[PDB]
Amino acid sequence: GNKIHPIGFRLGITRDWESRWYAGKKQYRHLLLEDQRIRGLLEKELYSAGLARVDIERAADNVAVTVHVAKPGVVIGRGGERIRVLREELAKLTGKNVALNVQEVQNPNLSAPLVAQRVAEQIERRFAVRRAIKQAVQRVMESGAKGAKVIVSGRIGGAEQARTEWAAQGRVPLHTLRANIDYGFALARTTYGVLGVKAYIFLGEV
Amino acid sequence: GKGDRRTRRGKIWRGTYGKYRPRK
Amino acid sequence: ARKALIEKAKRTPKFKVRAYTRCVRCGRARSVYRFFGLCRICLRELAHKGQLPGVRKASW
Amino acid sequence: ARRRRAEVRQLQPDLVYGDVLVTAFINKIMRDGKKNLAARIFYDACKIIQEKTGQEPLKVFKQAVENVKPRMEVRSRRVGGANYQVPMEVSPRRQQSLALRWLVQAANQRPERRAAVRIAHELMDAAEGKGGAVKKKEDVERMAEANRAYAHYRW
Amino acid sequence: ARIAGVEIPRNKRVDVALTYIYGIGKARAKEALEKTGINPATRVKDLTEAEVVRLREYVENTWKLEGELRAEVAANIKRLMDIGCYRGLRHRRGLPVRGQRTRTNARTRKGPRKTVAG
Amino acid sequence: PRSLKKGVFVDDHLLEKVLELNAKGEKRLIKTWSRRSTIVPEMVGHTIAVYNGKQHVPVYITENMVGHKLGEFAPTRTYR
Amino acid sequence: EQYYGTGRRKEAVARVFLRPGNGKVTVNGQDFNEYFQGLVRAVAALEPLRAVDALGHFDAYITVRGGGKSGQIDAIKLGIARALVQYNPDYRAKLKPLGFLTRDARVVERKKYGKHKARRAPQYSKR
Amino acid sequence: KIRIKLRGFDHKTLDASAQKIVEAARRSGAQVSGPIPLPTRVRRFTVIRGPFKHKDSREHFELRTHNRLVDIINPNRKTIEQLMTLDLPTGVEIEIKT
RNA sequence: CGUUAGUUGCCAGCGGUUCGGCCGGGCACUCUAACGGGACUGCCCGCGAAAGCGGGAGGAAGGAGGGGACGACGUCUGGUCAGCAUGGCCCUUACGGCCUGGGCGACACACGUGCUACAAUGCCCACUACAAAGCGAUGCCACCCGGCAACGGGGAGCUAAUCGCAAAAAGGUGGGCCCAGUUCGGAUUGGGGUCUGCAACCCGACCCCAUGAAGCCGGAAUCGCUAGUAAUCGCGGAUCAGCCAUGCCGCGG
Ligand SMILES: [Mg+2]
Ligand SMILES: [Mg+2]
Ligand SMILES: [Mg+2]
Ligand SMILES: [Mg+2]
Ligand SMILES: [Mg+2]
Ligand SMILES: [Mg+2]
Ligand SMILES: [Mg+2]
Ligand SMILES: [Mg+2]
Ligand SMILES: [Mg+2]
Ligand SMILES: [Mg+2]
Ligand SMILES: [Mg+2]
Ligand SMILES: [Mg+2]
Ligand SMILES: [Mg+2]
Ligand SMILES: [Mg+2]
Ligand SMILES: [Mg+2]
Ligand SMILES: [Mg+2]
Ligand SMILES: [Mg+2]
Ligand SMILES: [Mg+2]
Ligand SMILES: [Mg+2]
Ligand SMILES: [Mg+2]
Ligand SMILES: [Mg+2]
Ligand SMILES: [Mg+2]
Ligand SMILES: [Mg+2]
Ligand SMILES: [Mg+2]
Ligand SMILES: [Mg+2]
Ligand SMILES: [Mg+2]
Ligand SMILES: [Mg+2]
Ligand SMILES: [Mg+2]
Ligand SMILES: [Mg+2]
Ligand SMILES: [Mg+2]
Ligand SMILES: [Mg+2]
Ligand SMILES: [Mg+2]
Ligand SMILES: [Mg+2]
Ligand SMILES: [Mg+2]
Ligand SMILES: [Mg+2]
Ligand SMILES: [Mg+2]
Ligand SMILES: [Mg+2]
Ligand SMILES: [Mg+2]
Ligand SMILES: [Mg+2]
Ligand SMILES: [Mg+2]
Ligand SMILES: [Mg+2]
Ligand SMILES: [Mg+2]
Ligand SMILES: [Mg+2]
Ligand SMILES: [Mg+2]
Ligand SMILES: [Mg+2]
Ligand SMILES: [Mg+2]
Ligand SMILES: [Mg+2]
Ligand SMILES: [Zn+2]
């Protein structure tokens, strides 16, 4: 029991907040709730599109939600069809009359949560985990990414004994807060039980 | 000592006011 | 906790003293910070995730 | 101190006598971090010793400390089962603290009501060869020369 | 000097000397010394019998005191004891009354520790 | 040391019940789960079953006990 | 004409205004001894003058706020020595060995979780 | 009298929002008092690190609200010309009181 | 230490004064909070092959300056399915669902952690001086009146470097106590009462009267701390209508 969260470590420098706005004593409570309804609802609909981060900004009653997706085409739909359905569904939950933006993510293999999702997807389909891990490390390592690390939690391959897997490559120095280590977590649910997937990507120096 | 509630120091210990420790 | 114990959300408590905090995310009964509406656990989880604006790592 | 020598702290010279031995003694009197209380006790006790006796409280303070300094003490060393009382010399630094501590401890076993009254009288007795602090010193010097049979265990 | 039902404090300050009376604490002594117009710092042995009799006149019948107080309180217990009151039951079994915890540290009320085996 | 400071509280359940019982004469045992309430002078002479959480215990209400609350005579704990 | 130094000790500041004069010292509109004098170490603030024998040369007007009175006395000890160097920078070679111009950076150690007061650990039994 | 109270959790957001306001008013108004910073309201939250004790392992966080003041003296139009809606920053919050 | 910045700051400087930074006024200073500078064994002596060690000057600061955040491959089948998520297995007029009441506070005992003390370097009373960090929109409540008081009425200010919690306590000067189960010690208990709350019997805190216990430095054993440290003193906060907080997390003397 050690190794505190890397993103929670880096929120000050080399990482920003997924929500950037201001509130008061009588405001912050519900505004934070609205942010969690938003990220909650997107992950339901937008999992197939491959979203990575949901960024919610507010100036005054305006909501600047930005979704970073690997395939922005699944988001927009044909001729702007699905960016109509679920974007009006967004202003129905919260009456803030909120507008929506989309952003492309180059190299989905370079976004840690996306790499985690990809591994968990394969685990739900029961592939070889050590290969799926080492394969996942190559997809990250073969494009920039001076470091990479992948962890898979217990019940590996549906084993009765819980295990822990491995195979980082390069350099993943979590102890230093300098070089913008990305982090993501996936959850693979299966018949034998639950599996966690931790993804570490290392890129840049200062 | 601090335990006697009708002494001035026992009043400040609990953080209360009364005849033995007025306000002003 | 239990789904029936989130009856605080529908409160109409019939007495104003029966209202309690009830962390919204996990349904925590016991320890709920009033400013975030989140329990100490949810608060710690959401803070690491960076979904709480302005919340840093206290160090001094 | 397993690594270093554990260098000695350098106390501030006294505000009145400019003497460090006085400031260290005032500290031994201080309890619960009330140094302003301790100094007033020690300095009022200088009035008692300078009036009831017509000498310098500076010289008697030093003269009292010198008489309580033990030249030898005993320490325990594990040898073949149960340990022994082993006499050995006292470090000049240790003679500093021991005499001061004994002087303050002996003065509080005194009968006198007020603190400064006990201090001045104890210092007066200690300077004259009597008093409770000198008894502890003499009793320690009795432990040495008694177990002197173990003088081969010096270490 | 006898003030209340037989009560003889001596040689100390009067205000403190009255605390030796049963129905008198520091509060009622400072009040008697006040309304009687008597210096509280004066020694008991230096008290004028004229200031003594005035103290007696006030204190004797202003509040119920040693004899009557002991009975009144003792009659105040039998009262809540003769009724089936819970507070009286806590007095019967010699246990705390104000609603403390009895699992530990009841020693004052409970007749200090009488140990059993384990 | 006991203080309600004004409007000495008695639950409305038994209050409207006992005063109407006085109009028709002294009645028999009564059901009471409200030990929150105090005792008022017009209760003297009745018999009230107060709940322990388990059982209903008949309590004869007298003059000396007017100042107290129901449940003071209906204890909860069971020891020895 | 006039000379100044700041000085600081343990969350306390003391503005030292040294002017040539009779030697009388003013603190917060009060005499030096009406603020102190019940405080034995008070005289240690004026030691920078006695090292250079500046007792009777200068008056003083001092404004003190922050911390407790003891840290103020040291805060005054530095402000007197800081101004005294601005008057004559040759006074540095005399003032330096005594260390009256050295700031004391010892500050209250922050209280730490798991302990009671920043070092003191809760006692345990093991049985 | 025109007061402008700047508030936000990011100290770089305020200064980026404050300097853009002064560079618009200084081309028109008199000498502006300046970016006078107000102290920070620090709310601290100490939470036990894990659930289900190990009480003595807690870690704490701090949310800091920085504040700023502007005080444009005698602005008329060319100050308010550039002051309608030109600002980029988001995490900032502004108030106005006359 | 400087730069930027001045409605906390100031007869440093004059002007005015109801002598209160109060006004006039100014940013120098204290300060506040953003960016920078600063320390590198760089300089000298000595040792050494080197890394480095010893000492010295200059310096606010030196050999990691002080304190944090940070805890590696793994270990203990460690802890928690009762925060959450969850495989499998059971329950379904019921293990589920509502309510009132009671319990989680029980007491012949034991251990743990703490609080308060056994006192004269102390206690009580009056008087008076010096902190830092936080909290507050029906919440903080100056101030006035009532009341011994808890508190109530009235009511000013404060979206708060501007108003309020607020008094810091030890300390200082003055006075009382004179070694005595007491002017130490505040347990227990009778009685009277404020406040929150639908509601204080189980089972609240607070005030006032009276009661005034054990305890006169603790057996074997055992704990913390190496410098603003231990010891001691008070202050604030989180949760919370209230509060059993002596706990916890911070703050400075
Ligand atoms: Mg596999
Ligand atoms: Mg990094
Ligand atoms: Mg007392
Ligand atoms: Mg569940
Ligand atoms: Mg509640
Ligand atoms: Mg052996
Ligand atoms: Mg209790
Ligand atoms: Mg039996
Ligand atoms: Mg000049
Ligand atoms: Mg600190
Ligand atoms: Mg401390
Ligand atoms: Mg333990
Ligand atoms: Mg804990
Ligand atoms: Mg500066
Ligand atoms: Mg200002
Ligand atoms: Mg000045
Ligand atoms: Mg003029
Ligand atoms: Mg004028
Ligand atoms: Mg004027
Ligand atoms: Mg006036
Ligand atoms: Mg004046
Ligand atoms: Mg005034
Ligand atoms: Mg004006
Ligand atoms: Mg003007
Ligand atoms: Mg060296
Ligand atoms: Mg050096
Ligand atoms: Mg080294
Ligand atoms: Mg360090
Ligand atoms: Mg490191
Ligand atoms: Mg097990
Ligand atoms: Mg385990
Ligand atoms: Mg319990
Ligand atoms: Mg039995
Ligand atoms: Mg104990
Ligand atoms: Mg009045
Ligand atoms: Mg301001
Ligand atoms: Mg102001
Ligand atoms: Mg303002
Ligand atoms: Mg005030
Ligand atoms: Mg005195
Ligand atoms: Mg006894
Ligand atoms: Mg007594
Ligand atoms: Mg005694
Ligand atoms: Mg250490
Ligand atoms: Mg509270
Ligand atoms: Mg209310
Ligand atoms: Mg407290
Ligand atoms: Zn939660």
# chains A, B, ... in the order shown; residues from 1 in each chain; ligands from 1
>>> residues_around(residues="residue 206 of chain I", least_positions_apart="4", cutoff="10 Å", atoms="only C-alpha atoms (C1' of nucleotides)", output="PDB file with N, CA and C atoms (P, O5', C5', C4', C3', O3' and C1' of nucleotides), in the first residue's frame")
ATOM      1  N   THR B  16     -16.231  29.305  28.080  1.00  0.00           N
ATOM      2  CA  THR B  16     -17.563  29.792  28.411  1.00  0.00           C
ATOM      3  C   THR B  16     -17.460  31.123  29.156  1.00  0.00           C
ATOM      4  N   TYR B  17     -18.618  31.696  29.481  1.00  0.00           N
ATOM      5  CA  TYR B  17     -18.697  32.936  30.235  1.00  0.00           C
ATOM      6  C   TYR B  17     -19.735  32.807  31.335  1.00  0.00           C
ATOM      7  N   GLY B  18     -19.543  33.590  32.383  1.00  0.00           N
ATOM      8  CA  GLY B  18     -20.447  33.547  33.511  1.00  0.00           C
ATOM      9  C   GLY B  18     -20.131  34.637  34.502  1.00  0.00           C
TER      10      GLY B  18
ATOM     11  P     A I 150     -23.613  35.797  30.625  1.00  0.00           P
ATOM     12  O5'   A I 150     -24.191  34.375  30.194  1.00  0.00           O
ATOM     13  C5'   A I 150     -23.326  33.278  29.943  1.00  0.00           C
ATOM     14  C4'   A I 150     -24.028  31.957  30.146  1.00  0.00           C
ATOM     15  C3'   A I 150     -25.101  31.600  29.128  1.00  0.00           C
ATOM     16  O3'   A I 150     -24.568  31.031  27.948  1.00  0.00           O
ATOM     17  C1'   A I 150     -25.921  31.218  31.310  1.00  0.00           C
ATOM     18  P     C I 151     -24.575  31.863  26.577  1.00  0.00           P
ATOM     19  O5'   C I 151     -26.006  32.559  26.550  1.00  0.00           O
ATOM     20  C5'   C I 151     -27.148  31.860  26.085  1.00  0.00           C
ATOM     21  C4'   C I 151     -28.417  32.451  26.640  1.00  0.00           C
ATOM     22  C3'   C I 151     -29.129  33.483  25.778  1.00  0.00           C
ATOM     23  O3'   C I 151     -29.902  32.917  24.733  1.00  0.00           O
ATOM     24  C1'   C I 151     -29.017  34.262  28.004  1.00  0.00           C
ATOM     25  P     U I 194     -35.616  29.010  32.337  1.00  0.00           P
ATOM     26  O5'   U I 194     -34.342  29.400  31.461  1.00  0.00           O
ATOM     27  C5'   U I 194     -33.941  30.755  31.316  1.00  0.00           C
ATOM     28  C4'   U I 194     -32.676  30.884  30.501  1.00  0.00           C
ATOM     29  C3'   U I 194     -32.741  30.377  29.070  1.00  0.00           C
ATOM     30  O3'   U I 194     -33.325  31.319  28.192  1.00  0.00           O
ATOM     31  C1'   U I 194     -30.758  29.603  30.096  1.00  0.00           C
ATOM     32  P     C I 195     -34.194  30.824  26.940  1.00  0.00           P
ATOM     33  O5'   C I 195     -33.170  29.975  26.063  1.00  0.00           O
ATOM     34  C5'   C I 195     -32.200  30.630  25.260  1.00  0.00           C
ATOM     35  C4'   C I 195     -31.309  29.648  24.540  1.00  0.00           C
ATOM     36  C3'   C I 195     -31.998  28.672  23.598  1.00  0.00           C
ATOM     37  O3'   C I 195     -32.288  29.251  22.334  1.00  0.00           O
ATOM     38  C1'   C I 195     -30.404  27.525  24.932  1.00  0.00           C
TER      39        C I 195
END
>>> residues_near_ligand(ligand="ligand 14", cutoff="10 Å", atoms="only C-alpha atoms (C1' of nucleotides) and all ligand atoms", output="PDB file with N, CA and C atoms (P, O5', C5', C4', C3', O3' and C1' of nucleotides), in the first residue's frame")
ATOM      1  P     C I   1      15.855  41.801   4.519  1.00  0.00           P
ATOM      2  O5'   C I   1      16.394  42.007   3.036  1.00  0.00           O
ATOM      3  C5'   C I   1      17.601  42.710   2.788  1.00  0.00           C
ATOM      4  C4'   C I   1      17.896  42.793   1.311  1.00  0.00           C
ATOM      5  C3'   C I   1      16.779  43.336   0.432  1.00  0.00           C
ATOM      6  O3'   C I   1      16.679  44.751   0.447  1.00  0.00           O
ATOM      7  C1'   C I   1      17.645  41.373  -0.540  1.00  0.00           C
ATOM      8  P     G I   2      15.282  45.459   0.086  1.00  0.00           P
ATOM      9  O5'   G I   2      15.226  45.408  -1.507  1.00  0.00           O
ATOM     10  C5'   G I   2      16.237  46.024  -2.294  1.00  0.00           C
ATOM     11  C4'   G I   2      16.169  45.583  -3.737  1.00  0.00           C
ATOM     12  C3'   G I   2      14.911  45.972  -4.505  1.00  0.00           C
ATOM     13  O3'   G I   2      14.951  47.309  -4.994  1.00  0.00           O
ATOM     14  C1'   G I   2      15.393  43.683  -4.875  1.00  0.00           C
ATOM     15  P     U I   3      13.596  48.160  -5.199  1.00  0.00           P
ATOM     16  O5'   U I   3      12.914  47.490  -6.473  1.00  0.00           O
ATOM     17  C5'   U I   3      13.574  47.476  -7.730  1.00  0.00           C
ATOM     18  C4'   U I   3      12.751  46.768  -8.775  1.00  0.00           C
ATOM     19  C3'   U I   3      11.279  47.133  -8.814  1.00  0.00           C
ATOM     20  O3'   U I   3      11.030  48.348  -9.491  1.00  0.00           O
ATOM     21  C1'   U I   3      11.507  44.788  -8.911  1.00  0.00           C
ATOM     22  P     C I  31       7.596  42.785   7.130  1.00  0.00           P
ATOM     23  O5'   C I  31       6.088  42.605   6.647  1.00  0.00           O
ATOM     24  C5'   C I  31       5.061  42.257   7.565  1.00  0.00           C
ATOM     25  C4'   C I  31       3.709  42.705   7.070  1.00  0.00           C
ATOM     26  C3'   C I  31       3.173  41.969   5.852  1.00  0.00           C
ATOM     27  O3'   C I  31       2.539  40.746   6.196  1.00  0.00           O
ATOM     28  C1'   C I  31       2.960  44.302   5.526  1.00  0.00           C
TER      29        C I  31
END
>>> closest_atom_pairs(of="segment 27-108 of chain G", to="segment 119-141 of chain I", cutoff="8 Å", atoms="only C-alpha atoms (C1' of nucleotides)", output="Markdown table")
| residue | atom | partner | partner_atom | distance |
| --- | --- | --- | --- | --- |
| G:35 | CA | I:129 | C1' | 7.1 |
| G:65 | CA | I:130 | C1' | 7.7 |
| G:66 | CA | I:131 | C1' | 6.2 |
| G:67 | CA | I:131 | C1' | 4.6 |
| G:68 | CA | I:130 | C1' | 4.8 |
| G:69 | CA | I:130 | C1' | 5.3 |
>>> interface_residues(of="chain C", to="chain H", cutoff="8 Å", atoms="only C-alpha atoms", output="compact mmCIF listing (two decimals) with N, CA, C and O atoms, in the first residue's frame")
# COMPACT_ATOMS: atom_id res chain seq x y z
N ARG C 40 -15.24 11.83 2.68
CA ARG C 40 -13.79 11.97 2.69
C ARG C 40 -13.13 11.06 1.67
O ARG C 40 -12.05 11.39 1.14
N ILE C 41 -13.75 9.92 1.36
CA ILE C 41 -13.19 9.00 0.38
C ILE C 41 -13.43 9.52 -1.03
O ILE C 41 -12.50 9.66 -1.83
N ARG C 44 -11.36 12.40 -1.67
CA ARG C 44 -9.98 12.04 -1.99
C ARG C 44 -9.87 11.46 -3.40
O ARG C 44 -8.88 11.69 -4.10
N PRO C 53 -11.96 21.78 -8.95
CA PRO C 53 -11.14 22.95 -9.33
C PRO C 53 -10.51 23.63 -8.12
O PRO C 53 -11.16 23.87 -7.10
N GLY C 54 -9.22 23.96 -8.25
CA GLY C 54 -8.50 24.71 -7.25
C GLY C 54 -7.97 23.92 -6.08
O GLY C 54 -7.29 24.50 -5.21
N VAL C 55 -8.25 22.62 -6.01
CA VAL C 55 -7.85 21.79 -4.88
C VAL C 55 -6.46 21.23 -5.17
O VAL C 55 -6.27 20.43 -6.09
N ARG C 56 -5.48 21.64 -4.36
CA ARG C 56 -4.08 21.30 -4.54
C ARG C 56 -3.63 20.29 -3.49
O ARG C 56 -4.42 19.82 -2.67
N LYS C 57 -2.34 19.96 -3.52
CA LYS C 57 -1.73 19.10 -2.51
C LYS C 57 -1.13 19.98 -1.43
O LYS C 57 -0.11 20.63 -1.64
N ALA C 58 -1.77 20.00 -0.26
CA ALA C 58 -1.34 20.88 0.82
C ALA C 58 0.04 20.47 1.30
O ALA C 58 0.25 19.34 1.74
N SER C 59 0.99 21.40 1.19
CA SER C 59 2.36 21.15 1.63
C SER C 59 2.94 22.45 2.16
O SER C 59 2.90 23.48 1.48
>>> residues_around(residues="segment 211-222 of chain I", least_positions_apart="4", cutoff="12 Å", atoms="only C-alpha atoms (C1' of nucleotides)", output="PyMOL selection string")
(chain B and resi 4) or (chain E and resi 19-26+65-66+69-70+73-74+105-112) or (chain G and resi 123-127) or (chain I and resi 116-119+179-182+184-191)
>>> residues_around(residues="segment 10-22 of chain C", least_positions_apart="4", cutoff="10 Å", atoms="only C-alpha atoms (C1' of nucleotides)", output="list in words")
residues 1, 5, 6, 26, 27, 28, 29, 30, 31, 32, 33, 34, 37, 38 and 39 of chain C; 197, 198, 239, 240, 241 and 242 of chain I
>>> write_last_selection(atoms="C-alpha atoms (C1' of nucleotides)", output="PDB file, in the first residue's frame")
ATOM      1  CA  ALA C   1     -25.178   2.316   1.532  1.00  0.00           C
ATOM      2  CA  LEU C   5     -31.486   4.995   3.064  1.00  0.00           C
ATOM      3  CA  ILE C   6     -31.023   7.713   0.413  1.00  0.00           C
ATOM      4  CA  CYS C  26     -21.103   6.934  -2.918  1.00  0.00           C
ATOM      5  CA  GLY C  27     -24.050   7.339  -0.561  1.00  0.00           C
ATOM      6  CA  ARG C  28     -21.767   7.630   2.462  1.00  0.00           C
ATOM      7  CA  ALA C  29     -23.650   7.946   5.738  1.00  0.00           C
ATOM      8  CA  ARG C  30     -20.929   8.821   8.226  1.00  0.00           C
ATOM      9  CA  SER C  31     -18.250  11.325   7.162  1.00  0.00           C
ATOM     10  CA  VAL C  32     -19.396  13.851   4.565  1.00  0.00           C
ATOM     11  CA  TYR C  33     -17.695  17.197   4.012  1.00  0.00           C
ATOM     12  CA  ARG C  34     -20.422  19.820   3.713  1.00  0.00           C
ATOM     13  CA  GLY C  37     -21.204  17.191  -0.653  1.00  0.00           C
ATOM     14  CA  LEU C  38     -18.705  14.345  -0.950  1.00  0.00           C
ATOM     15  CA  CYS C  39     -17.440  11.954   1.680  1.00  0.00           C
TER      16      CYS C  39
ATOM     17  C1'   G I 197     -34.440  21.072  19.236  1.00  0.00           C
ATOM     18  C1'   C I 198     -41.283  18.251  17.602  1.00  0.00           C
ATOM     19  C1'   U I 239     -18.106  17.260  11.094  1.00  0.00           C
ATOM     20  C1'   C I 240     -22.607  20.005  13.590  1.00  0.00           C
ATOM     21  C1'   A I 241     -29.535  22.728  15.128  1.00  0.00           C
ATOM     22  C1'   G I 242     -27.261  21.259  19.579  1.00  0.00           C
TER      23        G I 242
END
>>> interface_residues(of="chain I", to="chain F", cutoff="9 Å", atoms="only C-alpha atoms (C1' of nucleotides)", output="NGL selection string")
:I and (100-103 or 106-107 or 191-194 or 199-202)
>>> write_last_selection(atoms="C-alpha atoms (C1' of nucleotides)", output="PDB file, in the first residue's frame")
ATOM      1  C1'   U I 100     -43.059   4.754  16.846  1.00  0.00           C
ATOM      2  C1'   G I 101     -40.268   3.185  21.069  1.00  0.00           C
ATOM      3  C1'   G I 102     -35.851   1.192  22.888  1.00  0.00           C
ATOM      4  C1'   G I 103     -30.692  -0.067  22.151  1.00  0.00           C
ATOM      5  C1'   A I 106     -25.938  -1.244  29.949  1.00  0.00           C
ATOM      6  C1'   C I 107     -21.656  -2.659  35.156  1.00  0.00           C
ATOM      7  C1'   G I 191     -31.906  22.679  44.410  1.00  0.00           C
ATOM      8  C1'   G I 192     -32.920  26.718  41.019  1.00  0.00           C
ATOM      9  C1'   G I 193     -32.451  28.160  35.740  1.00  0.00           C
ATOM     10  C1'   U I 194     -30.758  29.603  30.096  1.00  0.00           C
ATOM     11  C1'   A I 199     -39.064  16.180  21.731  1.00  0.00           C
ATOM     12  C1'   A I 200     -33.410  16.258  26.897  1.00  0.00           C
ATOM     13  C1'   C I 201     -36.694   9.611  31.513  1.00  0.00           C
ATOM     14  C1'   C I 202     -33.317   6.334  29.499  1.00  0.00           C
TER      15        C I 202
END
>>> residues_near_ligand(ligand="ligand 36", cutoff="7 Å", atoms="only C-alpha atoms (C1' of nucleotides) and all ligand atoms", output="ChimeraX atom specification")
/H:38 /I:7,161-162
>>> write_last_selection(atoms="C-alpha atoms (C1' of nucleotides)", output="PDB file, in the first residue's frame")
ATOM      1  CA  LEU H  38      -5.280  41.055  -1.438  1.00  0.00           C
TER       2      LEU H  38
ATOM      3  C1'   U I   7      -7.650  52.312   0.652  1.00  0.00           C
ATOM      4  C1'   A I 161      -6.370  43.223   4.631  1.00  0.00           C
ATOM      5  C1'   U I 162     -12.020  47.544   5.778  1.00  0.00           C
TER       6        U I 162
END
>>> select_by_dssp(residues="chain H", states="alpha helix (DSSP H)", output="list in words")
residues 11, 12, 13, 14, 15, 16, 17, 18, 19, 20, 21, 22, 23, 24, 25, 78, 79, 80 and 81 of chain H
>>> write_last_selection(atoms="N, CA and C atoms", output="short mmCIF file (atom, residue, chain, number, x, y, z; two decimals), in the first residue's frame")
data_model
loop_
_atom_site.label_atom_id
_atom_site.label_comp_id
_atom_site.auth_asym_id
_atom_site.auth_seq_id
_atom_site.Cartn_x
_atom_site.Cartn_y
_atom_site.Cartn_z
N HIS H 11 -3.58 31.58 -9.51
CA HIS H 11 -2.89 32.87 -9.44
C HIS H 11 -2.41 33.35 -10.80
N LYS H 12 -2.21 32.44 -11.76
CA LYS H 12 -1.87 32.86 -13.11
C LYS H 12 -3.09 33.31 -13.91
N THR H 13 -4.29 32.87 -13.52
CA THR H 13 -5.50 33.33 -14.20
C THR H 13 -5.81 34.78 -13.84
N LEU H 14 -5.67 35.14 -12.57
CA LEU H 14 -5.94 36.51 -12.16
C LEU H 14 -4.98 37.49 -12.82
N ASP H 15 -3.67 37.22 -12.71
CA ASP H 15 -2.68 38.13 -13.27
C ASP H 15 -2.83 38.25 -14.79
N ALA H 16 -3.17 37.14 -15.45
CA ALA H 16 -3.47 37.20 -16.88
C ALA H 16 -4.75 37.98 -17.15
N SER H 17 -5.70 37.95 -16.22
CA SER H 17 -6.91 38.73 -16.37
C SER H 17 -6.73 40.16 -15.89
N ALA H 18 -5.87 40.38 -14.90
CA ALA H 18 -5.67 41.72 -14.35
C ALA H 18 -4.84 42.59 -15.28
N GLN H 19 -3.75 42.05 -15.83
CA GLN H 19 -2.88 42.85 -16.68
C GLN H 19 -3.57 43.26 -17.98
N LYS H 20 -4.52 42.44 -18.46
CA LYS H 20 -5.25 42.80 -19.67
C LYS H 20 -6.22 43.95 -19.43
N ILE H 21 -6.68 44.12 -18.19
CA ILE H 21 -7.60 45.20 -17.87
C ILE H 21 -6.85 46.52 -17.72
N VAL H 22 -5.65 46.49 -17.15
CA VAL H 22 -4.88 47.72 -16.95
C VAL H 22 -4.36 48.25 -18.29
N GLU H 23 -3.99 47.35 -19.20
CA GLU H 23 -3.46 47.78 -20.50
C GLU H 23 -4.52 48.40 -21.39
N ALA H 24 -5.80 48.20 -21.08
CA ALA H 24 -6.89 48.87 -21.78
C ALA H 24 -7.22 50.23 -21.16
N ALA H 25 -7.17 50.32 -19.83
CA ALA H 25 -7.52 51.56 -19.14
C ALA H 25 -6.40 52.59 -19.17
N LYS H 78 -13.11 55.66 -23.39
CA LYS H 78 -12.06 54.87 -24.00
C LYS H 78 -11.51 53.83 -23.04
N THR H 79 -11.73 54.03 -21.74
CA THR H 79 -11.49 52.97 -20.77
C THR H 79 -12.57 51.90 -20.88
N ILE H 80 -13.84 52.31 -20.88
CA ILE H 80 -14.95 51.36 -20.98
C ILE H 80 -15.16 50.85 -22.40
N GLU H 81 -14.55 51.50 -23.39
CA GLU H 81 -14.63 51.01 -24.77
C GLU H 81 -14.05 49.60 -24.87
#
>>> residues_around(residues="residue 23 of chain B", least_positions_apart="3", cutoff="12 Å", atoms="only C-alpha atoms (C1' of nucleotides)", output="MDAnalysis selection string")
(chainID B and resid 8 11:12 15:20) or (chainID I and resid 149 166:167)
>>> closest_atom_pairs(of="chain I", to="chain A", cutoff="10 Å", atoms="only C-alpha atoms (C1' of nucleotides)", output="JSON lines")
{"residue": "I:69", "atom": "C1'", "partner": "A:9", "partner_atom": "CA", "distance": 8.9}
{"residue": "I:70", "atom": "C1'", "partner": "A:175", "partner_atom": "CA", "distance": 6.2}
{"residue": "I:71", "atom": "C1'", "partner": "A:2", "partner_atom": "CA", "distance": 6.6}
{"residue": "I:72", "atom": "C1'", "partner": "A:175", "partner_atom": "CA", "distance": 9.4}
{"residue": "I:77", "atom": "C1'", "partner": "A:161", "partner_atom": "CA", "distance": 9.6}
{"residue": "I:85", "atom": "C1'", "partner": "A:194", "partner_atom": "CA", "distance": 9.0}
{"residue": "I:86", "atom": "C1'", "partner": "A:194", "partner_atom": "CA", "distance": 6.3}
{"residue": "I:87", "atom": "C1'", "partner": "A:193", "partner_atom": "CA", "distance": 4.1}
{"residue": "I:88", "atom": "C1'", "partner": "A:192", "partner_atom": "CA", "distance": 8.5}
{"residue": "I:137", "atom": "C1'", "partner": "A:26", "partner_atom": "CA", "distance": 10.0}
>>> select_by_dssp(residues="chain H", states="strand (DSSP E)", output="ChimeraX atom specification")
/H:3-8,36-47,59-69,93-97
>>> residues_near_ligand(ligand="ligand 11", cutoff="8 Å", atoms="only C-alpha atoms (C1' of nucleotides) and all ligand atoms", output="list in words")
residues 108, 109 and 117 of chain G; 252 of chain I
